[PDB]
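First the structure, in the form of structure tokens, and then the observations on it.
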Amino acid sequence: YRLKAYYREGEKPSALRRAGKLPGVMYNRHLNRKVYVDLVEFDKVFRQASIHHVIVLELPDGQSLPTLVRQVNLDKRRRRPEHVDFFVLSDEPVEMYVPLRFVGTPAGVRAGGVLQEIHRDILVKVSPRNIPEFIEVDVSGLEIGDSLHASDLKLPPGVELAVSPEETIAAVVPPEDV
Amino acid sequence: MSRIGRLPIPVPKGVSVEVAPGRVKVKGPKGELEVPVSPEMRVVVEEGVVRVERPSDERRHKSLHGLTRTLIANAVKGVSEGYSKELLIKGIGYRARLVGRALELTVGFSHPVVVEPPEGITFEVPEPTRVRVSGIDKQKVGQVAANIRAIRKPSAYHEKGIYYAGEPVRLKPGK
Amino acid sequence: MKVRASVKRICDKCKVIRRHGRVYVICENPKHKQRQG
Amino acid sequence: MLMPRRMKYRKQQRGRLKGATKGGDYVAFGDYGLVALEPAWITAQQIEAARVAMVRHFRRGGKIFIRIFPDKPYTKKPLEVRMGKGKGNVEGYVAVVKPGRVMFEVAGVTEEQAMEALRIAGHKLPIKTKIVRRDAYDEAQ
Amino acid sequence: XXXXXXXXXXXXXXXXXXXXXXXXXXXXXXXXXXXXXXXXXXXXXXXXXXXXXXXXXXXXXXXXXXXXXXXXXXXXXXXXXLXXXXXXXXXXXXXXXXXXXXXXXXXXXXXXXXXXXXXXXXXXXXXXXX
RNA sequence: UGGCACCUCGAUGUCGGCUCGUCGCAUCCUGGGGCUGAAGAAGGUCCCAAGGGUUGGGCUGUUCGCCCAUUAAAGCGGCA
RNA sequence: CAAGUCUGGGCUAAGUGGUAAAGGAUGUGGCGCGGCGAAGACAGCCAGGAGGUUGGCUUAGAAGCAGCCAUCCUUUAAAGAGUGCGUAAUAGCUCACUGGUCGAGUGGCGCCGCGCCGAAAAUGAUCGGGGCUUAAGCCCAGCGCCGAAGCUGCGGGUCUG
RNA sequence: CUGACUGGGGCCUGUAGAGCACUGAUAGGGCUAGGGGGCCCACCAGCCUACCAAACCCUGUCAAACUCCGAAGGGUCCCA
Ligand SMILES: [Mg+2]
Ligand SMILES: [Mg+2]
Ligand SMILES: [Mg+2]
Ligand SMILES: [Mg+2]
Ligand SMILES: [Mg+2]
Ligand SMILES: [Mg+2]
Ligand SMILES: [Mg+2]
Ligand SMILES: [Mg+2]
Ligand SMILES: [Mg+2]
Ligand SMILES: [Mg+2]
Ligand SMILES: [Mg+2]
Ligand SMILES: [Mg+2]
Ligand SMILES: [Mg+2]
Ligand SMILES: [Mg+2]
Ligand SMILES: [Mg+2]
Ligand SMILES: [Mg+2]
Ligand SMILES: [Mg+2]
Ligand SMILES: [Mg+2]
Ligand SMILES: [Mg+2]
Ligand SMILES: [Mg+2]
Ligand SMILES: [Mg+2]
Ligand SMILES: [Mg+2]
Ligand SMILES: [Zn+2]
């Protein structure tokens, strides 16, 4: 939220990304405009401002762009972003991945598993007005054998549901005994 | 944070501090001392207090400020007999009798150790169970007291050692 | 202990002193003092 | 140790170790990850020695995740044997790894215990392997 | 003043007319019972004047900017920090100085304590009937 | 012990012993010191230190190795 | 040994330069984040450093301290079913938490450049040598110069067209 | 004037890279042909499996003898 933008006109940018200015591009239906953003601003807001939050982008034309992230290319033996694909949202039920989480006792806390399969809560498409910030999933009693999620009780409030599948969701794993 | 030298000297019985353009000579009611000073750092000799001033901030100006002040601060109370520096001895049958200045003492050896003192060191012996080393300068007393430590090493499973104040943290017994 | 290549702070009251070029680590109890060498 | 039970061919080559990662940088399973920085090989003895050093370290909770699998047979000739006369015997399968690939991923272990556990298993490997946590650097859209 | 505002508001709101602004522990004669001598007036006038105090020039500067300044005692010497509210105040002051200064080493009551929208004195506080 | 085959096939004599030494320390002792599950002696380990010593024999061609009597010790290696 | 003890900005105190790794360390110099702070901050020196509570057969013994439950509350101007010892367990010493007379800065980090230890072999040692510390090393620059049998200045011969 | 080489046009490949749709191995999760079996019941009239496990689907991988893909280049032919 509230990040500055600039322009690119087919530059060098491997030489421009030395002082913390990684390139980018944004679009909703057209106008594939090449931009570059700042790395400590984008990284600092990108600490907690995840995929679910609409990161808005000030532009020198005076517009505030409701963007989000499409991909962050890892530098892969440097752990850095090369290029981040922004996505402007328009009057359209666009796709969203919302990091929902789990609250409650996992499996009767002493006899508890791990509950590690977050997987970014596979897909929810939404209108730009009914877009959420947080949706809650509880883990009320889910001990080791039975009581799995299986995405059957995956009715979120409103808009929308998961479109095609109901198969990828968290489960309970046994611990590591000695 | 307070760098030593950001707080002043002032000294009643106001002993004389002179220029001595590379060093510091201090003359008091009892004796005179000597403090070497780095020539780049400027200590000044104003009324009452002895000021200290450093040029810049590196690994020598930030430590020599505080070295140079504090070695004067030892010589402030040094020339007015401000050091007692006891050495209390333990032992079943240990004592330290004095003949003149060469302090012989029985520390369990086959011969009483004759301690030859240097110039300006007074072995005040009020008790057979404790002595004290006096003088003028703190280095001259602590070095000779370390030489008294050089005979007998304490904390070897039991008593019969010296501790400079008395501090048995020796170790567990061995039965 | 005694002369080791790695120096770590067992029993957190260690003080780490770099004297005469090399690293010593000292405590009250002398069975935990270390020299790096 | 562990080994692949079936193969198309028994012996295979060595190749080179260039390339950046070819997949395996995002964690996506656990909250922490032991990521490598130098190109080398991972023997099954290095897998076992690092896997035992987790379950013996932390107990009663925390599932350990390994994302390495040895499919490359390390070929070594017997001792005091002259050159030629075919390849050597197969002793233990090794796993090729690239820099910036996450090998070991703890699960259900806290900060001050997972830094320590990944620090213990970091010394079992011949690679400078730094430790990364769960960040927002996933590949989601 | 960054994290300590509600804690300063627990001694800078109802303190419009303080009482025992004397000396706290100060080595000699400091509780040493933890039942009646520690809380002093809790064996008589309950717990409505047993300080709450994290200040001597901290929130006391806020109390010296709010209403008046209550009283002026330790600000250069060493006497820790002691506050109150009301409760007994003019009533059981000799009992509070008897349980707070009934033993210890001699009589460590309170240096300059306030008394009902004004101030107190040293002789009137230590050797006072009010 | 090996791998390689780079000078040596108009050849650079191969094991071991006797005499004669010299050098390194990653020290067997003697000289200092820290720790110890170091009460003292005798110990264990580690740091510095190569200045000097490192026996007389039986066995087998033996280097090595196994035993007798001692010493504080009967060190490991290089120098074709 | 022919040519700058050249002009600038930093860096290194190890002879690194001028011998190599895993690992380790208040070694320095630079960048960014967080808390605290002159409604007085860190290390300091003094403080009643606590009541249910030795919570419960815990196998002798479980008083915070071999290891278990489901992890408290309330008295307070700050305090747990306790930070390390020390006890068979006790007791006790220090406390995490905090009150001041002081004093204007104070800790955890993530990178980054040069460093230290790791680094012990056999005739006499050394980076070529002597020597070298705001350099006679290392990083970014700039203007010159030295520097071949290379190219041009000139002369002479040969071969091909 | 065709040559080495270069410029403008085509054609070809299955290497680097990348990928699992094909050939195999695979870290987990869900479903469970069935099997030591069944809590044990007039055997099918079940129940959870913390017992094993076929096949399938996802989150994740690896490959000289795997390619749904696929360059940089090289070769060849026409003109300069
Ligand atoms: Mg050889
Ligand atoms: Mg050959
Ligand atoms: Mg010949
Ligand atoms: Mg021959
Ligand atoms: Mg021959
Ligand atoms: Mg040695
Ligand atoms: Mg040795
Ligand atoms: Mg010795
Ligand atoms: Mg002994
Ligand atoms: Mg010699
Ligand atoms: Mg010798
Ligand atoms: Mg010259
Ligand atoms: Mg080196
Ligand atoms: Mg310069
Ligand atoms: Mg020519
Ligand atoms: Mg010519
Ligand atoms: Mg042509
Ligand atoms: Mg051609
Ligand atoms: Mg071409
Ligand atoms: Mg291929
Ligand atoms: Mg490949
Ligand atoms: Mg082509
Ligand atoms: Zn310590």
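Backbone N, Cα and C define each Cβ position, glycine as well.
Pulled from Swiss-Prot:
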type	residues	note
BINDING	C:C11, C:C14, C:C27, C:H32	Zn(2+) binding site
Number of Cβ atoms other than its own within 10 Å, given for C:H32 (Zn(2+) binding site): 15
Cβ neighbour count within 10 Å of C:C27 (Zn(2+) binding site): 16
Neighbours of C:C11, C:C14, C:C27, C:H32 excl. site residues, C-beta within 8 Å of centre, Zn(2+): C:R9, C:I10, C:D12, C:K13, C:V25, C:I26, C:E28, C:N29, C:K33
